[PDB]
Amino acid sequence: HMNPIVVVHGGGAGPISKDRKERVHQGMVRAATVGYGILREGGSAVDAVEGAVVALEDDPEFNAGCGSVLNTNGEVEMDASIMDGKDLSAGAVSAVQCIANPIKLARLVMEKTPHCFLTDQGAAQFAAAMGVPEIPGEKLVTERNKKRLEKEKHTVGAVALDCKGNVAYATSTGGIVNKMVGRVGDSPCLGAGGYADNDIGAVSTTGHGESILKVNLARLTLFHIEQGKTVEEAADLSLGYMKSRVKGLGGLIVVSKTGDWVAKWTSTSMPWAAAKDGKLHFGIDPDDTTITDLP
């Protein structure tokens, strides 16, 4: 029975306000520890990614759930997906509004429908058929987020390997600032925002959405690891393709079936946190990595 691991990332974009970093740091730790706390009790790779991502949605410092950036009409529309490595089972929602937790709805899509993908009104209905609390829009909308939209008007993920050596991903996002209404990114789209397969590993992505879809970044990262490259080599290879081919930046986290993991980005920043052997690893900027004890 293998040594478990969760990795966590928190949108990969431009440089961040130095004070806000403490708040971002503590958010990464929290998701990781929750994710790890779920593995600790021999809990599944699927159980774990979902719990980590639930925490970040609820954390307003991150652009998924509460903290979601705004669309062109000042509102919050959100995307998500989850995948089970074992039989490649999956669930996703795109363009949902006025619920708290997108990643759980995707899991509701995954295990409680014969389908994999619901969108907009059909998913607003499905959430209501599943007893999902509608929350006020003012709660999901923060102040910093109204500010970013004005200045333009002038993503989070988790991967995990459980004790049985199954793998899973979860990705969740409010989208991209000043996006059109109905705009779908790479997040809810299997093989682009994430992919998990026990025979390879699992990956969650963040970056220029369109560019992530265009190249299918998550499956591609995996294409390589099957070919024999390292996690770090494969992450290098795919992110560079996304830059060299479609002129797009982004970030990724992967853990393979051997339990080897890395977090790599061609964006300016990508806060990340991995937990493995009771030791938490954290970072926001390239080549500055801390390690602390997990209680």
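Numbering starts at 1 and follows the sequence shown.
Item to check | Deposited-sequence gap flanked by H154 and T155 | outcome: The entry leaves 10 or more residues without coordinates here.
Checklist entry - Should the higher mean CA B-factor in the entry be assigned to 179 to 187 or to 144 to 152? => result Comparing 179 to 187 with 144 to 152, the higher average CA B-factor belongs to 144 to 152.
Item to check | Of 286 to 294 and 4 to 12, the stretch whose C-alpha atoms average the higher B-factor in the entry | outcome: Taking the mean C-alpha B-factor of 286 to 294 and of 4 to 12, the larger value falls to 286 to 294.
Next on the checklist: By the CA temperature factor listed in this entry, which of these ranks top: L239, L70, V34, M28?
Outcome noted: That would be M28, according to the entry.
Checklist entry - Which has the highest CA B-factor per the PDB entry: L108, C163, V203, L220? => result If I rank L108, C163, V203, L220 by C-alpha B-factor, first place goes to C163.
Next on the checklist: By the recorded C-alpha temperature factor, relative to the other modelled residues in its chain, which third is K229 in?
Outcome noted: Tercile = middle for this residue's CA B-factor.
Checklist entry - Hey, what third does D58 fall into on Cα B-factor, ranked over its chain? => result Tercile = middle for this residue's CA B-factor.
Checklist entry - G91's Cα B-factor: lowest, middle or highest third of the chain? => result Lowest third - that is where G91 ends up once the chain's C-alpha B-factors are sorted.
Item to check | Chain third (lowest, middle, highest) by recorded CA B-factor, residue given as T171 | outcome: Its C-alpha B-factor, which the entry lists for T171, ranks in the lowest third among residues of this chain.
Next on the checklist: Where does the C-alpha B-factor of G51 rank in its chain, lowest, middle or highest third?
Outcome noted: Lowest third.
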